[PDB]
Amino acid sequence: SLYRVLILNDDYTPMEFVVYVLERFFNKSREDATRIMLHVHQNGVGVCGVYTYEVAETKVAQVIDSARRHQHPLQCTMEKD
């Protein structure tokens, strides 16, 4: 059973940081990171990647840790895929 990692839109986190997160933690190409960031901006939520449960939890935690240490409120969660 695999799990999708999601990021949520907000009106505080810079677009460029979201792209950075997608490239750093989810192995996204520049183009794919840009498109996912924009999809989240437009739709409120988007999929970052799909992993086993414990790896998805790891990615969520790494994103939250990174975001808060960069002074951004970016929300990240996971759901069964």
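Just count from 1 along the sequence shown to find any residue number.
Here 58 to 66 and 11 to 19 are compared by their mean Cα B-factor, and 11 to 19 comes out higher.
When all modelled residues of the chain are sorted by CA temperature factor, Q75 is found within the middle third. Annotation for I36: C-alpha temperature factor in the middle third relative to the rest of the modelled chain, per the entry. When the modelled residues of the chain are ordered by their C-alpha B factor, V47 lands in the highest third.
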